[PDB]
Amino acid sequence: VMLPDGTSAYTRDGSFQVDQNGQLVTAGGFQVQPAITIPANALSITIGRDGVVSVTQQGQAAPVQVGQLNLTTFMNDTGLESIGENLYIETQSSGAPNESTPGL
Amino acid sequence: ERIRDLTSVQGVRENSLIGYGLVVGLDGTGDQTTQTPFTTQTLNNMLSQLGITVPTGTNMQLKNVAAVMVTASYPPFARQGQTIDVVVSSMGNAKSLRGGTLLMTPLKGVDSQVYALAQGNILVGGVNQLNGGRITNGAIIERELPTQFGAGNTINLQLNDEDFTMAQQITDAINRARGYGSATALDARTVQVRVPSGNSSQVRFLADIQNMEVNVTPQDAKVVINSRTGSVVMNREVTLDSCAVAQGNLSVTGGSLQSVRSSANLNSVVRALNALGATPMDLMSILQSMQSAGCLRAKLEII
Amino acid sequence: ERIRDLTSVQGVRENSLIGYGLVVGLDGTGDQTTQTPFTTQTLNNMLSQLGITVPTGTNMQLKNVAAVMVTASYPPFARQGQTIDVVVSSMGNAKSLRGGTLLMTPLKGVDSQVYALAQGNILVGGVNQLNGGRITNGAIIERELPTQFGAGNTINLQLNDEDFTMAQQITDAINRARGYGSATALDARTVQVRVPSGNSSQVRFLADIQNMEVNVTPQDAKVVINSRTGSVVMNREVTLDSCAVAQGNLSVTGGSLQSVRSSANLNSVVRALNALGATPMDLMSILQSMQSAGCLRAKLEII
Amino acid sequence: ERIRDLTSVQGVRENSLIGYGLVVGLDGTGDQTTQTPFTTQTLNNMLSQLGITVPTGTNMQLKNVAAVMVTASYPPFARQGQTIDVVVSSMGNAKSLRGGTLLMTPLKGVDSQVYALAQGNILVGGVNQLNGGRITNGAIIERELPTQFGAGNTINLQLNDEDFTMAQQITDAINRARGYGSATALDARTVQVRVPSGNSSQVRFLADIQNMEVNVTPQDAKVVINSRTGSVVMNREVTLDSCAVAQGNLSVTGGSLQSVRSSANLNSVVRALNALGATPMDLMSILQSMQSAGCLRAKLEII
Amino acid sequence: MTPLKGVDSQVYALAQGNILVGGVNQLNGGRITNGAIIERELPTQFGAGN
Amino acid sequence: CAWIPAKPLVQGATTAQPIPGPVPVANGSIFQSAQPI
Amino acid sequence: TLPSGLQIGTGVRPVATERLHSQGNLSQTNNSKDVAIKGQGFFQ
Amino acid sequence: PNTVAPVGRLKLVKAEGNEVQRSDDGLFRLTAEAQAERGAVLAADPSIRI
């Protein structure tokens, strides 16, 4: 997720709402970094075991993909600095994070 | 010398050009493209034009690209191949254009025709403005405008400020220099000069005229008040009439009603107004009330 | 010497080239390819062209590759085989181009034709800009442009700034040097020179002319205000008229209404304006109000 | 001596070669092959070519292998069997190429034909760049290019920078040395030299010419501003005009409006600009504004 | 680029330039010097009569 | 009947042809205004 | 390059409360002026 | 509720702690050396979150 100042911080829990524009944000206003946007008239939203997020619409045979939720991994997660509000920020202790699609 | 500082020549004017472009090379301070669709759309257009077709409906989030408006000034008698200076301005949710580069951008007139092509490196000051820059010699002229300069036996010098005495002064000076019937005043803003027919002779004439010297006559007494910035200016023709003034917290250095003597020159005005001991903020209100009453023998303009 | 510093020659101009390329060899500071699909797509295109077909719909996440836009300036009379300098700029979510190498990239004109091929090592300054670099002698010219230089008996020297006195001065200087009827002023921005027919004779003529010396005539009084960077510049023709000025927190070193004397030369202007004791930030507002009133006998330009 | 430092010869140019290869022998600092499929795919291709067929759909995770792009410069008149220097650059998620070895790699031109074969040990500097290296004498030339050198009675010396006076100087020098009608200037960037027909006589001619000495004429006044690195350079032709300058936090060592005297030579310019007491960061803005006003009698280029 | 209309909804000038805000002071208001160019002229009966 | 010729409700031509604008006067201006009513 | 740093917590705080806008069941009221929305929507 | 509007912003400064001294009223102020080095009045850094 992206902090207001500009730096990037990492979270673990999942509880997402949708802001007035349509983007996917966590409970607290911080915008999810991959920036998944769910348009209006979203009859149903699906997030499979992989990062693909697919929304259905009125009278559509197949759902339309609206992005993918890749997630990051650290070489040593115990060294992460834990600022408040269920967030962690990268430090020198933890290695350089690498992002990947789920299941890979 | 002087006439060139007071007038312009008829047919010698500037035009405006505007265009849309992209700026690349930013240090992650570009648009958040998930909210500016035209950025990614125009990037796809450019890539397709170059020979690379990106599939539609795919994820694309850039950080080193910004969408900008480019503005320029088409100069008089511009010839193709010359260079002009452009101004580049961000147009959606970008943070800075610090070290960016402007890609090939066409600059259109008001008739939607391309008159110049712009490309170069941006110079941001580096508080200062981050989302605006200027490129020196960043555009090249591609189209030229026709003109009827050199055809006829009459040009018009257009004054920058309307005045009858000033037009008459310029006319009399030109007639004193370049022969008896060389000039004629049409109105408070135009002087009609007779010139020989041709193209080089008119240039010789305008070169002789533009460097003449005329003595400016006294203008109108006026007081400019800029309330937005908080400034007051009075030219050298303002006078005053004796009258009393009262305003909150201002007193005699005596009660709260202070006198103001008559003032013929500007030094007397400055002295008499400084005597009241008021900041410009209160001076605005004092001057407005005085103009409404009749003390201030000037012309108040709120700019 | 001087004329070459004031004018350009008709038909001798520069053009712009743009292209798309890849930069490899970065220390894990390249694109996050899961959000820039064109990076992986163009990498697959290159691999396929070389002889390796990667299956579609497979995982691919690189770190040492970045997608860049390359820009260059096509020089006058460019011959195939020569070399030019290129500018490389990142275009999606890359961190730095520190030690990268630019792969083979074609540079197209506005007609979508290849005019140069670019490849080399990038030099990033190493705060400084990380997502932008320059390659010296990084491109080679492949196509040449036709031109009609050397055909006819007339060339055009195009002034960099419009002026009638300046065009007349240049014309008179050329006529004083290279014979009676050698030059003719067309307008405020063009001088038409008669040259012998051929290709070497015109080069001799332009070599003789471009090194002549002319004395620049006094230009127009103007004051440039750059509000974005916070700067003010006044050339040596600005004058002033006596008038009073008031602005917040400024006082006489006396009340808040300070006098400004007449000023003929520039030193007097600098002295009288420094007397007010104002930062440039307030000097901008003071100058705008003074120009609106009539004290400032100049031409205010907000750049 | 001098002419060889100013011009190139027509038909004597360099080309570019690119290829794909593998680097082995790393200390566990290679690709994470679960995200770079082309690495394992090309390794399987090589193994199959050597005589070992690894079953498909099997687990394979290497650490001492990296996929690299190899770039080289095809030199003029290259003969088969000679050696050139190559640059090796990582292309996916590798950590370092410290002690690696480049396996047999063919280097293709833009027509997709093999011109050289590359193999050797990489020299990484060992902060420094880890994902990029250079191999000395790492490639051998396999194909040769045809050329029409030695056919005809005319060669073209192509200047590195356009100028009419410079082309005329070179022409006059060659004519003074090697006989009356030996050279002829075509344009601002080409000198056409008449040479005897043959192959050795032209080499004698070009050996005599390339070591001549010419005195460079004064170039154009220009000021280079590199905003990305933060540098300013002014050649020895820049001059100044007297004018006043104001900028934030800068003052007289006096108010905030400082004077700048006229300056004919470069020492005067340096002195007058150092008098303002400004860092280069502010000097950029000052110079841009001065060029916009008219003080700076130079040519500003933002590189 | 902005066209400036009269009360008859006809374009009399075209405006474009850089804004100078004072920089308490007013932020949402500015002035541009020589920011518009005249495109149409008005007729008049000056010089006719005695 | 259905073969007897009747006139339609919307008569006349149902299309119009754009007319080329006037030639711009060669002053120093890019803005050219066709005769405004 | 220490394994970690010494950090001490402070407590917990309720940040937000959301409503699960799913589709409820339907009960037959037998009346003729009662309307139940099937799907998503809101009366004004 | 859709009429909530921003009306201002607080100014938060960051002080290390070894360069600030208490005053008689009870408000910490910068020492002389730190004041000289960082300016008379601090700048509102954006790295602080509350």
# chains A, B, ... in the order shown; residues from 1 in each chain; ligands from 1
>>> calpha_fit_and_write(fixed="chain B", moving="chain D", output="short mmCIF file (atom, residue, chain, number, x, y, z; two decimals) with C-alpha atoms, in the first residue's frame")
data_model
loop_
_atom_site.label_atom_id
_atom_site.label_comp_id
_atom_site.auth_asym_id
_atom_site.auth_seq_id
_atom_site.Cartn_x
_atom_site.Cartn_y
_atom_site.Cartn_z
CA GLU D 1 14.91 55.06 -29.17
CA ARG D 2 11.60 56.53 -28.03
CA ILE D 3 8.93 56.09 -30.71
CA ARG D 4 9.65 52.36 -30.80
CA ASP D 5 8.88 52.37 -27.07
CA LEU D 6 5.49 54.08 -27.51
CA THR D 7 3.94 52.50 -30.61
CA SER D 8 3.66 49.32 -32.64
CA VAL D 9 3.48 48.92 -36.41
CA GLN D 10 0.30 47.77 -38.13
CA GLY D 11 0.64 44.22 -39.41
CA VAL D 12 3.53 43.35 -37.08
CA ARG D 13 1.96 41.23 -34.35
CA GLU D 14 2.37 37.96 -32.49
CA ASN D 15 0.13 34.90 -32.46
CA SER D 16 -0.34 32.02 -30.03
CA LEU D 17 0.30 28.30 -30.46
CA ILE D 18 -0.82 25.42 -28.26
CA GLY D 19 -0.28 21.68 -28.33
CA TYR D 20 -0.37 18.46 -26.34
CA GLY D 21 2.70 16.41 -25.50
CA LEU D 22 4.36 13.86 -23.26
CA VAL D 23 7.32 14.37 -20.92
CA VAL D 24 9.52 11.37 -20.13
CA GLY D 25 12.51 10.78 -17.90
CA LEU D 26 11.04 11.78 -14.55
CA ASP D 27 12.27 10.24 -11.30
CA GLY D 28 8.99 8.59 -10.45
CA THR D 29 7.22 11.95 -10.20
CA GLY D 30 4.87 11.49 -13.14
CA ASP D 31 1.15 10.92 -13.42
CA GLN D 32 -0.71 8.24 -11.50
CA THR D 33 -2.02 6.80 -14.74
CA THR D 34 -4.90 4.95 -13.09
CA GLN D 35 -6.70 8.31 -12.93
CA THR D 36 -5.45 10.02 -16.12
CA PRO D 37 -6.52 7.71 -18.96
CA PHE D 38 -5.39 10.05 -21.73
CA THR D 39 -1.76 9.57 -20.66
CA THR D 40 -1.76 5.82 -21.27
CA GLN D 41 -3.98 6.23 -24.33
CA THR D 42 -1.59 8.66 -26.01
CA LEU D 43 1.39 6.52 -25.02
CA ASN D 44 -0.29 3.58 -26.75
CA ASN D 45 -0.94 5.76 -29.80
CA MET D 46 2.75 6.68 -29.96
CA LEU D 47 3.91 3.09 -29.50
CA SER D 48 1.53 1.91 -32.22
CA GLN D 49 2.80 4.64 -34.53
CA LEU D 50 6.37 3.49 -33.91
CA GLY D 51 5.56 -0.15 -34.68
CA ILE D 52 4.60 -1.78 -31.37
CA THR D 53 0.98 -2.75 -30.71
CA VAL D 54 0.21 -3.27 -27.02
CA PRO D 55 -2.88 -5.44 -26.42
CA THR D 56 -5.95 -3.62 -25.16
CA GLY D 57 -7.46 -4.08 -21.73
CA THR D 58 -4.09 -4.74 -20.12
CA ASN D 59 -2.54 -3.40 -16.94
CA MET D 60 -0.25 -0.41 -17.40
CA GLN D 61 1.01 1.83 -14.59
CA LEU D 62 3.83 4.23 -15.40
CA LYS D 63 5.71 6.66 -13.19
CA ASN D 64 8.24 8.46 -15.41
CA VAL D 65 5.71 9.97 -17.85
CA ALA D 66 3.57 13.09 -17.60
CA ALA D 67 1.01 14.63 -19.94
CA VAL D 68 1.66 18.31 -20.63
CA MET D 69 0.31 21.30 -22.50
CA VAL D 70 2.88 23.23 -24.54
CA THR D 71 2.36 26.90 -25.33
CA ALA D 72 4.36 29.21 -27.57
CA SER D 73 4.29 32.62 -29.23
CA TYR D 74 4.47 32.83 -33.01
CA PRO D 75 6.69 35.85 -33.72
CA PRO D 76 6.27 38.47 -36.45
CA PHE D 77 7.66 37.68 -39.90
CA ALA D 78 8.62 34.20 -38.72
CA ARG D 79 10.50 32.13 -41.28
CA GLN D 80 10.53 28.35 -41.47
CA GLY D 81 13.53 26.76 -39.79
CA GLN D 82 13.88 29.36 -37.03
CA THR D 83 13.49 28.59 -33.33
CA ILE D 84 11.26 29.86 -30.53
CA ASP D 85 10.88 29.31 -26.79
CA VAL D 86 8.13 27.16 -25.32
CA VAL D 87 6.41 26.83 -21.95
CA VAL D 88 5.48 23.36 -20.68
CA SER D 89 2.79 22.83 -18.06
CA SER D 90 1.51 19.69 -16.36
CA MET D 91 -2.15 18.80 -16.71
CA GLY D 92 -2.93 15.93 -14.35
CA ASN D 93 -1.81 14.80 -10.88
CA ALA D 94 1.93 15.02 -11.56
CA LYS D 95 4.42 15.88 -8.85
CA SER D 96 7.29 17.49 -10.75
CA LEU D 97 8.84 17.92 -14.20
CA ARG D 98 12.36 18.28 -12.85
CA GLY D 99 14.57 16.50 -15.35
CA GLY D 100 12.09 15.61 -18.04
CA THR D 101 12.34 15.68 -21.81
CA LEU D 102 9.57 16.85 -24.13
CA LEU D 103 8.80 14.45 -26.97
CA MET D 104 7.87 15.52 -30.49
CA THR D 105 4.85 17.80 -30.22
CA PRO D 106 3.06 19.80 -32.94
CA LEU D 107 1.89 23.30 -32.07
CA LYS D 108 -1.41 24.33 -33.67
CA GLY D 109 -2.93 27.73 -34.22
CA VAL D 110 -6.56 28.63 -33.69
CA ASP D 111 -7.38 27.21 -37.13
CA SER D 112 -5.99 23.80 -36.07
CA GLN D 113 -2.99 23.91 -38.41
CA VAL D 114 0.53 22.93 -37.41
CA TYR D 115 2.87 25.93 -37.27
CA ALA D 116 5.79 24.58 -35.22
CA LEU D 117 7.25 21.36 -33.86
CA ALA D 118 8.54 21.22 -30.29
CA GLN D 119 11.10 18.94 -28.64
CA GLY D 120 13.82 19.46 -26.05
CA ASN D 121 14.91 19.33 -22.42
CA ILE D 122 12.98 21.15 -19.71
CA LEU D 123 14.56 23.59 -17.27
CA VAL D 124 12.70 23.71 -13.95
CA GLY D 125 13.94 26.33 -11.50
CA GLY D 126 14.62 24.21 -8.44
CA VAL D 127 9.74 27.66 -2.94
CA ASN D 128 9.75 27.24 -6.72
CA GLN D 129 7.32 25.87 -9.27
CA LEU D 130 7.77 22.18 -10.05
CA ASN D 131 4.93 21.50 -12.50
CA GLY D 132 5.96 24.20 -14.96
CA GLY D 133 9.03 24.65 -17.11
CA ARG D 134 10.49 26.51 -20.05
CA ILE D 135 12.47 25.19 -23.01
CA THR D 136 14.83 27.53 -24.83
CA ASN D 137 14.89 27.12 -28.62
CA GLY D 138 12.59 24.16 -28.09
CA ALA D 139 10.40 24.60 -31.16
CA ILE D 140 11.08 25.01 -34.87
CA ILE D 141 8.84 26.94 -37.26
CA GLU D 142 7.29 24.84 -40.02
CA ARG D 143 4.66 27.10 -41.62
CA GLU D 144 4.79 30.76 -42.61
CA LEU D 145 2.06 33.37 -42.70
CA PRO D 146 1.35 35.63 -45.67
CA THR D 147 1.35 39.37 -45.16
CA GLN D 148 0.78 42.56 -47.13
CA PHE D 149 3.76 44.46 -45.75
CA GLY D 150 5.42 46.52 -48.46
CA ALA D 151 2.22 46.89 -50.51
CA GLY D 152 0.68 50.35 -50.54
CA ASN D 153 1.87 53.80 -49.53
CA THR D 154 0.59 54.00 -45.97
CA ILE D 155 1.47 52.40 -42.64
CA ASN D 156 -0.17 52.87 -39.26
CA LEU D 157 1.71 53.45 -36.02
CA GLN D 158 -0.57 52.30 -33.21
CA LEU D 159 0.00 53.96 -29.85
CA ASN D 160 0.12 51.81 -26.74
CA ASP D 161 -2.05 54.24 -24.73
CA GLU D 162 -4.79 56.46 -26.09
CA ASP D 163 -4.14 60.21 -25.99
CA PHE D 164 -4.77 63.11 -28.34
CA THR D 165 -1.82 65.25 -27.26
CA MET D 166 0.52 62.27 -27.61
CA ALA D 167 -0.67 61.39 -31.11
CA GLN D 168 -0.30 65.04 -32.09
CA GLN D 169 3.21 65.13 -30.61
CA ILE D 170 4.30 62.04 -32.54
CA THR D 171 2.78 63.44 -35.73
CA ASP D 172 4.52 66.79 -35.30
CA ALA D 173 7.86 65.12 -34.57
CA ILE D 174 7.67 62.91 -37.66
CA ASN D 175 6.68 65.92 -39.77
CA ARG D 176 9.58 67.93 -38.35
CA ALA D 177 12.02 65.14 -39.17
CA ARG D 178 10.85 63.46 -42.39
CA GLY D 179 9.31 66.33 -44.35
CA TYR D 180 6.11 68.32 -44.36
CA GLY D 181 3.25 65.95 -45.12
CA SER D 182 4.68 62.66 -43.91
CA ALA D 183 2.28 61.91 -41.05
CA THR D 184 -1.36 62.41 -40.12
CA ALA D 185 -3.18 61.59 -36.89
CA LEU D 186 -6.37 59.59 -37.39
CA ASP D 187 -7.51 59.31 -33.77
CA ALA D 188 -6.15 59.05 -30.24
CA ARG D 189 -4.41 55.77 -31.10
CA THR D 190 -3.25 55.84 -34.73
CA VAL D 191 -0.78 57.82 -36.83
CA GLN D 192 -0.89 57.29 -40.59
CA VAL D 193 2.54 57.60 -42.22
CA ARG D 194 3.08 57.92 -45.96
CA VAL D 195 5.93 55.72 -47.17
CA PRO D 196 7.41 55.09 -50.63
CA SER D 197 6.12 52.04 -52.45
CA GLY D 198 8.32 48.97 -52.24
CA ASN D 199 9.80 46.71 -49.60
CA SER D 200 13.28 48.06 -48.83
CA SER D 201 12.27 51.72 -48.88
CA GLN D 202 9.61 51.09 -46.24
CA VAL D 203 12.22 49.35 -44.09
CA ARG D 204 14.51 52.38 -44.42
CA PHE D 205 11.61 54.65 -43.45
CA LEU D 206 10.61 52.60 -40.41
CA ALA D 207 14.25 52.35 -39.36
CA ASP D 208 14.60 56.12 -39.49
CA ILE D 209 11.33 56.71 -37.62
CA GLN D 210 11.51 54.09 -34.87
CA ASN D 211 14.61 55.70 -33.33
CA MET D 212 13.30 59.25 -33.07
CA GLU D 213 12.84 60.95 -29.70
CA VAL D 214 9.68 62.69 -28.49
CA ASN D 215 8.98 64.36 -25.15
CA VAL D 216 6.06 62.70 -23.37
CA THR D 217 3.34 65.12 -22.30
CA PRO D 218 1.81 64.96 -18.81
CA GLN D 219 -0.70 62.13 -18.48
CA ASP D 220 -3.82 61.89 -16.32
CA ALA D 221 -3.64 61.90 -12.53
CA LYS D 222 -4.40 58.37 -11.40
CA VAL D 223 -4.04 56.17 -8.32
CA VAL D 224 -3.74 52.40 -8.74
CA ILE D 225 -4.86 50.19 -5.86
CA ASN D 226 -4.08 46.47 -6.01
CA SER D 227 -6.06 45.04 -3.12
CA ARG D 228 -5.06 41.45 -3.90
CA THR D 229 -1.34 42.10 -3.36
CA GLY D 230 -1.82 45.11 -1.09
CA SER D 231 -0.15 47.92 -3.03
CA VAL D 232 -0.84 51.55 -3.90
CA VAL D 233 0.83 53.65 -6.60
CA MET D 234 0.31 57.32 -7.50
CA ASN D 235 1.84 58.92 -10.57
CA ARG D 236 3.25 62.44 -10.49
CA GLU D 237 0.01 64.28 -11.34
CA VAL D 238 -2.01 63.55 -8.19
CA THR D 239 -3.04 66.54 -6.07
CA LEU D 240 -5.08 66.96 -2.90
CA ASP D 241 -7.57 69.32 -1.29
CA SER D 242 -7.66 70.32 2.36
CA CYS D 243 -9.96 68.04 4.32
CA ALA D 244 -10.34 66.12 7.56
CA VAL D 245 -10.02 62.35 7.94
CA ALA D 246 -10.92 59.92 10.72
CA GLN D 247 -10.32 56.18 10.91
CA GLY D 248 -10.13 53.50 13.57
CA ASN D 249 -7.10 53.63 15.89
CA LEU D 250 -5.60 56.58 13.98
CA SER D 251 -5.03 59.73 16.02
CA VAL D 252 -3.20 63.04 15.98
CA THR D 253 0.38 63.04 17.25
CA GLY D 254 -5.12 65.75 19.48
CA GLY D 255 -8.21 63.67 18.78
CA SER D 256 -9.14 61.27 16.01
CA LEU D 257 -10.02 63.82 13.30
CA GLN D 258 -6.81 64.82 11.51
CA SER D 259 -6.35 67.58 8.96
CA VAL D 260 -4.87 67.26 5.47
CA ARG D 261 -3.53 70.37 3.75
CA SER D 262 -3.72 71.20 0.07
CA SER D 263 -0.96 69.69 -2.05
CA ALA D 264 0.07 70.84 -5.52
CA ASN D 265 3.05 68.59 -6.28
CA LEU D 266 3.57 64.93 -5.43
CA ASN D 267 6.07 65.52 -2.62
CA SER D 268 3.45 67.52 -0.73
CA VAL D 269 0.95 64.69 -1.25
CA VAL D 270 3.37 62.09 0.11
CA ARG D 271 4.18 64.28 3.11
CA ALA D 272 0.55 65.06 3.95
CA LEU D 273 -0.48 61.42 3.63
CA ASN D 274 2.44 60.13 5.68
CA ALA D 275 1.44 62.60 8.38
CA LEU D 276 -1.66 60.49 9.09
CA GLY D 277 0.48 57.50 10.03
CA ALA D 278 -1.47 54.74 8.30
CA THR D 279 -0.48 51.42 6.79
CA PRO D 280 -1.33 50.88 3.11
CA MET D 281 -4.17 48.64 4.24
CA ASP D 282 -5.95 51.61 5.82
CA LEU D 283 -4.64 53.96 3.14
CA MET D 284 -6.83 52.14 0.62
CA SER D 285 -10.00 52.90 2.58
CA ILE D 286 -8.92 56.48 3.24
CA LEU D 287 -8.26 57.04 -0.47
CA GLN D 288 -11.58 55.52 -1.52
CA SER D 289 -13.50 57.73 0.90
CA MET D 290 -11.51 60.81 -0.13
CA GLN D 291 -12.21 60.15 -3.81
CA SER D 292 -15.89 59.75 -2.99
CA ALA D 293 -15.89 63.07 -1.11
CA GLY D 294 -13.80 65.18 -3.47
CA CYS D 295 -10.39 65.69 -1.86
CA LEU D 296 -8.53 63.28 -4.14
CA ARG D 297 -8.17 64.99 -7.53
CA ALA D 298 -7.15 61.83 -9.34
CA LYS D 299 -8.60 58.72 -11.01
CA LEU D 300 -8.89 55.70 -8.74
CA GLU D 301 -8.43 52.31 -10.40
CA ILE D 302 -8.80 49.06 -8.46
CA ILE D 303 -6.69 46.50 -10.29
#
>>> interface_residues(of="chain E", to="chain C", cutoff="8 Å", atoms="only C-alpha atoms", output="ChimeraX atom specification")
/E:17-20,22-23,32-34
>>> write_last_selection(atoms="N, CA, C and O atoms", output="PDB file, in the first residue's frame")
ATOM      1  N   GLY E  17      -1.378  33.568 -21.642  1.00  0.00           N
ATOM      2  CA  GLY E  17      -0.142  34.019 -21.037  1.00  0.00           C
ATOM      3  C   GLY E  17       0.053  33.403 -19.665  1.00  0.00           C
ATOM      4  O   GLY E  17      -0.680  32.503 -19.258  1.00  0.00           O
ATOM      5  N   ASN E  18       1.058  33.918 -18.962  1.00  0.00           N
ATOM      6  CA  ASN E  18       1.404  33.458 -17.627  1.00  0.00           C
ATOM      7  C   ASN E  18       0.821  34.393 -16.579  1.00  0.00           C
ATOM      8  O   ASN E  18       0.821  35.612 -16.754  1.00  0.00           O
ATOM      9  N   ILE E  19       0.343  33.822 -15.495  1.00  0.00           N
ATOM     10  CA  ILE E  19      -0.346  34.570 -14.451  1.00  0.00           C
ATOM     11  C   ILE E  19       0.656  35.016 -13.401  1.00  0.00           C
ATOM     12  O   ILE E  19       1.598  34.295 -13.062  1.00  0.00           O
ATOM     13  N   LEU E  20       0.441  36.214 -12.868  1.00  0.00           N
ATOM     14  CA  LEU E  20       1.278  36.776 -11.813  1.00  0.00           C
ATOM     15  C   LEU E  20       0.419  36.973 -10.568  1.00  0.00           C
ATOM     16  O   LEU E  20      -0.326  37.949 -10.466  1.00  0.00           O
ATOM     17  N   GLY E  22       0.301  37.695  -6.537  1.00  0.00           N
ATOM     18  CA  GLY E  22       1.113  38.482  -5.627  1.00  0.00           C
ATOM     19  C   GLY E  22       2.077  37.696  -4.765  1.00  0.00           C
ATOM     20  O   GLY E  22       3.292  37.883  -4.862  1.00  0.00           O
ATOM     21  N   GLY E  23       1.554  36.819  -3.918  1.00  0.00           N
ATOM     22  CA  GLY E  23       2.394  36.005  -3.064  1.00  0.00           C
ATOM     23  C   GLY E  23       3.212  36.790  -2.063  1.00  0.00           C
ATOM     24  O   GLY E  23       4.092  36.238  -1.408  1.00  0.00           O
ATOM     25  N   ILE E  32      -2.641  39.260 -15.870  1.00  0.00           N
ATOM     26  CA  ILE E  32      -1.689  38.986 -16.937  1.00  0.00           C
ATOM     27  C   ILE E  32      -1.472  40.271 -17.713  1.00  0.00           C
ATOM     28  O   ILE E  32      -2.436  40.901 -18.163  1.00  0.00           O
ATOM     29  N   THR E  33      -0.211  40.654 -17.862  1.00  0.00           N
ATOM     30  CA  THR E  33       0.167  41.863 -18.577  1.00  0.00           C
ATOM     31  C   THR E  33       0.390  41.536 -20.044  1.00  0.00           C
ATOM     32  O   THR E  33       1.133  40.605 -20.370  1.00  0.00           O
ATOM     33  N   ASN E  34      -0.249  42.307 -20.921  1.00  0.00           N
ATOM     34  CA  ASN E  34      -0.213  42.056 -22.358  1.00  0.00           C
ATOM     35  C   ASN E  34      -0.618  40.620 -22.666  1.00  0.00           C
ATOM     36  O   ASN E  34      -0.018  39.943 -23.503  1.00  0.00           O
TER      37      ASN E  34
END
>>> residues_around(residues="residue 21 (chain E)", least_positions_apart="4", cutoff="7 Å", atoms="only C-alpha atoms", output="list in words")
residues 27, 29 and 30 of chain E
>>> write_last_selection(atoms="N, CA and C atoms", output="PDB file, in the first residue's frame")
ATOM      1  N   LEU E  27      -4.897  34.544  -3.499  1.00  0.00           N
ATOM      2  CA  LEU E  27      -4.357  33.420  -4.247  1.00  0.00           C
ATOM      3  C   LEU E  27      -5.189  33.048  -5.458  1.00  0.00           C
ATOM      4  N   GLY E  29      -6.805  34.882  -7.547  1.00  0.00           N
ATOM      5  CA  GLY E  29      -6.978  35.943  -8.513  1.00  0.00           C
ATOM      6  C   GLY E  29      -5.647  36.451  -9.011  1.00  0.00           C
ATOM      7  N   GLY E  30      -5.537  36.690 -10.312  1.00  0.00           N
ATOM      8  CA  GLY E  30      -4.276  37.109 -10.876  1.00  0.00           C
ATOM      9  C   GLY E  30      -4.486  38.084 -12.007  1.00  0.00           C
TER      10      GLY E  30
END
>>> closest_residue(among="E:1, E:40, E:7, E:14", to="residue 36 (chain F)", atoms="only C-alpha atoms")
E:40
>>> residues_around(residues="residue 22 (chain F)", least_positions_apart="2", cutoff="8 Å", atoms="only C-alpha atoms", output="VMD selection string")
chain F and resid 20 24 34
>>> residues_around(residues="residue 39 (chain G)", least_positions_apart="4", cutoff="9 Å", atoms="only C-alpha atoms", output="list in words")
residues 43 of chain A; 22 and 23 of chain G
>>> write_last_selection(atoms="N, CA and C atoms", output="tab-separated table (two decimals), in the first residue's frame")
chain	number	residue	atom	x	y	z
A	43	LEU	N	-22.03	-6.44	-10.56
A	43	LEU	CA	-22.93	-7.42	-9.97
A	43	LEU	C	-22.20	-8.35	-9.02
G	22	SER	N	-25.15	-7.44	1.56
G	22	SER	CA	-25.54	-8.63	0.83
G	22	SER	C	-27.05	-8.61	0.59
G	23	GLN	N	-27.57	-9.69	0.02
G	23	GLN	CA	-28.99	-9.81	-0.28
G	23	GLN	C	-29.65	-10.64	0.81
>>> interface_residues(of="chain F", to="chain B", cutoff="8 Å", atoms="only C-alpha atoms", output="PyMOL selection string")
chain F and resi 26-31
>>> select_by_dssp(residues="region 110-235 of chain C", states="alpha helix (DSSP H)", output="NGL selection string")
:C and (164-177 or 200-209)
>>> residues_around(residues="residue 56 (chain A)", least_positions_apart="5", cutoff="9 Å", atoms="only C-alpha atoms", output="ChimeraX atom specification")
/A:41-46,61-65
>>> select_by_dssp(residues="region 10-89 of chain A", states="strand (DSSP E or B)", output="NGL selection string")
:A and (10 or 16-18 or 23-26 or 31 or 37 or 45-47 or 52-55 or 64-68 or 71-73 or 81 or 88-89)
>>> interface_residues(of="chain A", to="chain C", cutoff="12 Å", atoms="only C-alpha atoms", output="ChimeraX atom specification")
/A:33-36,51,67-72,96-104
